Structures are given as C-alpha cells and as structure tokens.
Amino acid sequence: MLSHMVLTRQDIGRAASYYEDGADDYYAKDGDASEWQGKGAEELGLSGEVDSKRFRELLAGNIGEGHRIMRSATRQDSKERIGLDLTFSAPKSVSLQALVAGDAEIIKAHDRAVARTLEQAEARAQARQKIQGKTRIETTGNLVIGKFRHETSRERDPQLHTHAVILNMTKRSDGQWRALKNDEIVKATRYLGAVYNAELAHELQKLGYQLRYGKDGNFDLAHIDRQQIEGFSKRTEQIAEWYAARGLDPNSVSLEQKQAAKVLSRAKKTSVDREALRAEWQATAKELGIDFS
C-alpha cells in the first residue's frame, strides 16, 4: 500500500512523530529506523541516520551552507509546503512474519522495496524555471528524502511501514535549489505502489516465501489465512464498524465518508511496553492458530 500526503506548515509538528519511534525493536540501532536517500541528499552531504536537527531545518527550507531560505515566493494567502509524505505499508501477513515471528530479512526486504521505489519517484522529481516570462518544467532527477521505519498501528497491531518524507526541494541544472513540482510523483502514486508491491514480492520470494495474490492484485504470505490477518487488523475492524453504524456501503463511499471513518474511528493514542507487546502478539498468534513456519 502507498499513500501520499502533501505536508504544509500545520503538519510540521507531525514531522516529529516520524522520530518518536512508531517503530520499536529495530529502531534500537538495529538497521536503524531512519535513513537519508536521494541524489539531492548526497548533494547536501547526507547519508545514514537522519538528524532530527538537520531534518527540521530542511523541513523549514534551510540548506544552511550559505544559502537563503527557500520558498519565499509562496503567496501569503497560500500554505507553505514543507514536503511530500509517501507512506509504504506492507501486507499484514508480511508484518506478522517479520515482527511477530521475528525475521529481520523481511525488514530488509521491505527497506529494499521502498528504496527502489523512491529511486523511481526521484526520476520524476521536477522543478520550474522562468526565462523572460516563459515558464518551463525541468526534470531534475534529484530528491532529498528522510525515511522513517515504524512497526505498529494505532491499535498496537504489527504494522510494518515507512514514512518517506520527500522534502520540498530540488537542485536544477543551473545549480539552484527550488521547490519541488510534485505533479509527476503525486499522480504516479498508484503506479509507485505497484512498484513497491512488485519489489516486495520479489524480495520475499528470494527468501523462500510463497505468495497468495488476491483479487485486488495485492498479496499476503500463503501460510496465513484471512481470519488470522483480521485478528491483527483492529483498525480495519474499527473502520468497518463505522460504516456499519452509518449504514454505509464500503463499496461506494465518498472521500468525505471514507476519511471520516478512518479519522473518527481512531481511539486514544496510549503508550505501550514493546517487550510486553510482542509477547501479546505471539500469544494472539497462537490463539489464531498461526504457524509461522
């Protein structure tokens, strides 16, 4: 699954949650939850773990190396864009196999699927440039990306996902950093989701897993049935309950109704004990009759 969200100033705070380890076990320097990506990042001398400080600066539009603040051309009657959030979420069974049964290779599989997809999003990175009143679009091919891997849903179910925060910046041929023209990436969301799916599936098959493709075109490991997946999909059940209570048909709901059911069905965000949580996951798995073999 791939979802995108354009980030404006009012979401800059949410750029903090990316660090508040939505992840846990592997967040502890185990392959480290965060990582920079992109030719643009390399252009700014950035690799490895993402720095909370530097990231906050780039979100604000500050390169720092002797440059002026970016996006000053933003109309004051409009929202300053600080980035584009591309969230990759693995199939449930996959999350189970990696987080419950514990299989770091799945985590690597997911990270590769994500990294290869971002390389494709990068090839769609564009900027604008005007000359004598004539505007032109320029495929810059470079992006600065902060990737944050997390492991749980709002209901504390296993939920392997990464937030690929594409910063609103790109370097043109002339060497100037400009806001990102996100048309291409935004309109390529569905396609990029398939690239993720394909890359993930490939990586999973190389580890030896058998995949079961459903109608959608999505998949889940073969040794885990639907009922078992639903037992670790509480948010899904909450959303379905909302539609039921509203007498709505999930097979045809306006965006307003869909977003209303996602947001309004959310419960109170309480902390947990990562150690105890996993033991719960395992106990639950057994009850559901899951064989992580």
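Rigid core: the largest C-alpha set superposing within 1.5 Å between the two forms. Heads up: residue numbers just count along the shown sequence, starting at 1.
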| query | finding |
| --- | --- |
| Stretch with greater C-alpha deviation in 5 other deposited structures of this protein, 50-58 versus 254-262 (rigid core superposition) | 254-262 |
| Greatest C-alpha divergence in 5 other deposited structures of this protein once each structure is fitted on the rigid core, 208-216 or 194-202 | 208-216 |
| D30 coordinate gap across at least a third of other entries | yes |
| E280: gap in at least one third of other compared structures | no |
| Greater mean Cα temperature factor according to the PDB record, 99-107 or 67-75 | 67-75 |
| Stretch with the higher entry mean CA B-factor, where the candidates are 83-91 and 202-210 | 202-210 |
| Per the PDB entry, maximal CA B factor within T236, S265, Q228, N251 | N251 |
| Identity of residue with top Cα B-factor, from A240, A33, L58, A260 | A33 |
| Ranked C-alpha temperature factor of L288 among modelled chain residues, by third | middle |
| Chain third (lowest, middle, highest) by recorded CA B-factor, residue given as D216 | highest |
| For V114, the third of its chain into which the C-alpha B factor falls | lowest |
| CA B-factor ranking of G141, expressed as a third of its chain | middle |
| Among modelled residues of the same chain, the CA temperature factor third for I131 | highest |
